Amino acid sequence: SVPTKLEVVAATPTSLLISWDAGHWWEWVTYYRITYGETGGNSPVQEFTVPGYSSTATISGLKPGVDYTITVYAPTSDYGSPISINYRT
Amino acid sequence: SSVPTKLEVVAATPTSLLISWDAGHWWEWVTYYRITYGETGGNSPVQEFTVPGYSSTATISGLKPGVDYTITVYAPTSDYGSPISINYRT
Amino acid sequence: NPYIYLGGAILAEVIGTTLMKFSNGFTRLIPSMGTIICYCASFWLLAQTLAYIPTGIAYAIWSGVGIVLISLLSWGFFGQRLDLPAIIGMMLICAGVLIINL
Amino acid sequence: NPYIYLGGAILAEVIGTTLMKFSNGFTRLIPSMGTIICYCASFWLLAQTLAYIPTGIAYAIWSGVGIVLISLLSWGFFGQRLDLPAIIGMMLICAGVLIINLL
Ligand SMILES: C[P+](c1ccccc1)(c1ccccc1)c1ccccc1
């Protein structure tokens, strides 16, 4: 159910500004966690969290040209499956 | 037999003053000391901020050099004793 | 005055425990913040209404007007039934609140 | 075992409430931290009993033992600050409590 609709708004070769639909007031969670790593897997992935009232987040420090996989998890798996996408910088 | 006690200026600086005080015994420790600082002349209000009652030190920045300031440390209520106030010229 | 804030803290906690049942594990941000705000207020409301009314006296009245307002709010617009002998137990709590009141 | 965590959570809240009388509007460190700690324990214990003991009997015991433990603790550490018509009013509040929960 939440989060819903994960897409990349602005895209710099080394940064991706993403966003999602945080739900709606009474379905706002306390925090989302965002996971970005290389689409391959030669190394681990990078991760951070965002408060539940914010719907956007910036991902900095990427490598240009590389395709990345970005995932946004709810606090728990009870709010629906985590939504994931791909982007080539 | 009041708190706080022994309000002294550890470090000084033209624009900053590091101060400390005697929090008293473990039963005399409060949860928040509110501290006030303004100009000695008194042609202005008085700046104020709080600081956790488990810390006996407080740093103040943004002061104007050469000026003499008056610093006062309060307790959550007036029940703990008269607040302690001092002076210092940066 | 004292029995006004005690009831305000009773109303505060009852709203706190209900908003907690609505939110999940403090995950739903809005009713989670609602529970934190409610408990903080009721913590500071009960703290201020204890210096006047004795400790055991206020514990009772709370346990009373609490479940009263809990089961009243329960039958109010949530579920219903439960083991309802009658509202005779609700009228008991009211009496003790009164004969301890002003 | 699962019935003990109640009385411990009862007593922990019993201790925290008496410690709140020492916090002075949460303006005195050590009692203020203590009340926050005490209630974190009774929470965690009560949450460990809701998984086994039903909510009705677990709480009816809480109201009774608590209204006895904190009221007796308010006699040694203090005594009474504004006693009024009846002490039995609290026992009959507790009575009406036990008959809208158990009954
Ligand atoms: C201190 P109390 C509480 C009050 C207000 C907000 C949140 C909690 C409480 C309320 C009414 C009657 C007796 C006690 C509590 C705390 C932990 C575990 C069980 C109860």
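Per Swiss-Prot, chain D residues shown: 2-104, in order.
For this deposited structure, the header notes the method as X-ray crystallography, 3.2 Å.
Placed from the backbone N, Cα and C atoms, the Cβ positions cover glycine too.
Among the features that Swiss-Prot reports, transmembrane segment is placed at D:4-21, D:58-80, D:87-104. Sequence annotations record features per position, and here Swiss-Prot assigns site 'Essential for translocation and for substrate and proton binding' to D:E14. Summarising the annotation, Swiss-Prot assigns site 'Involved in substrate binding' to D:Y40, D:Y60, D:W63.
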Residue pair D:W63 (site 'Involved in substrate binding'), D:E14 (site 'Essential for translocation and for substrate and proton binding') - Cα distance, angstrom, rounded: 9
Rounded Cα separation (Å) that holds between D:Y60 (site 'Involved in substrate binding') and D:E14 (site 'Essential for translocation and for substrate and proton binding'): 13
C-alpha spacing of D:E14 (site 'Essential for translocation and for substrate and proton binding') relative to D:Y40 (site 'Involved in substrate binding'), in angstrom: 6
Cβ neighbours within the same chain of D:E14 (site 'Essential for translocation and for substrate and proton binding') - under 8 Å, at least six residues apart: D:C39, D:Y40, D:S43, D:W63, D:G67
For D:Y40 (site 'Involved in substrate binding'), the three-state class that DSSP assigns: helix
In three-state DSSP terms, the structure that D:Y60 (site 'Involved in substrate binding') belongs to: helix
